[PDB]
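Consider the single chain below, provided in structure tokens and representing the form deposited in one PDB entry.
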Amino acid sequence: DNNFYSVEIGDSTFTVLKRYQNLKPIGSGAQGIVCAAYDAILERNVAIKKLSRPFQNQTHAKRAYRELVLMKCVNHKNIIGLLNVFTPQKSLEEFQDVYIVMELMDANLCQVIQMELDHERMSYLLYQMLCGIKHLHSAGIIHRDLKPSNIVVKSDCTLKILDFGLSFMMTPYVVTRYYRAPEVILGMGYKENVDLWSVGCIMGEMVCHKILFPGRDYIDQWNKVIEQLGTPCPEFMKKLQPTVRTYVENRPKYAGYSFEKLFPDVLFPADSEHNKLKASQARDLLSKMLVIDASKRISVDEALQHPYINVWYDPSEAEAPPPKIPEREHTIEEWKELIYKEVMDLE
């Protein structure tokens, strides 16, 4: 009660611990509004995300639960940490909302994408994304839904991934699918380098300042992919389920564009010999990530070692000890209790 106070943030009531002051909306996502606030105790700014009845359905519940668990057992500079978590409700019966408190970053990657970046900053951002992704992989977490809106940065070019990736809900909210790999689009099996496709899409967009494959649905998405990259080889076709294979084979054939035409020198710093070489290397990396057939696409480790990226390589960041994580299907009440226990640090 008196340890909390309430403020109206648009159509959301934020009921927060008194230590958190001067709340201001910084944006919204799949789980609602996120605010910046000042933590009067730590004497610094924080982000506060409100999860409103996260147990209301299985999609929300599994995400909230997985986020709480993973944020706690991961400690890596490129993965967002949990500073605090609380509920203003006093019991399991009364339990409604979860508030997740994290260190405040300066912007998301969507903002960075709207800016020209030199090779130093671009390569460093990419290196960090790759480090974060590899760390998740080392715990057996394959993201599958990496996107700019869930990646945040500081003015000093430091970067953190906010979510842990991969349905029906009764909401006007539309999930952005533009960064998802062909394996995901087409319902194939996948491995770790599924996430490299997403890095490729983000890198391409950082370079050309436009979404590479902005499809209204998976059918339109696939069209945009093959238009740009070309129809995949017969070898790839055999990897597909019969129903998917007939669909992919019956689409109009496209030649695709060379990576020189997709990403011309004009989109890169390319004045000096230094910059010309970097542009060539950047394009080479793009040509290895934006590869439809995952069996020919670069691995995370190969990307970390790539000449465009490896200038930043540090074993403490790229080869950190794997997180130790301590398939669930539950009802509303079951999820409610699981999430409450996790918030309250109960067994």
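Note that residue numbering begins at 1 and tracks the sequence as displayed.
In what follows, reference is made to the form deposited with a partner chain bound, a form of this protein that is not presented.
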Per-stretch contact check against the partner chain in the bound PDB entry, the hit in 259-267, 122-130, 90-98, 197-205 (non-hydrogen atom, 4.5 angstroms) = 122-130
Indicate whether residue 191 is a 4.5 Å heavy atom neighbour of the partner chain in the bound PDB entry.
-> no
Contact of residue 311 with the partner chain in the bound PDB entry (heavy atom, 4.5 Å) = yes
Contact between residue 155 and the partner chain in the bound PDB entry at 4.5 Å, heavy atoms?
-> yes
Applying a 4.5 Å heavy atom distance criterion, does residue 317 contact the partner chain in the bound PDB entry?
-> yes
Of 112, 104, 141, 162, the one that lies within 4.5 Å of the partner chain in the bound PDB entry (heavy atoms) = 112
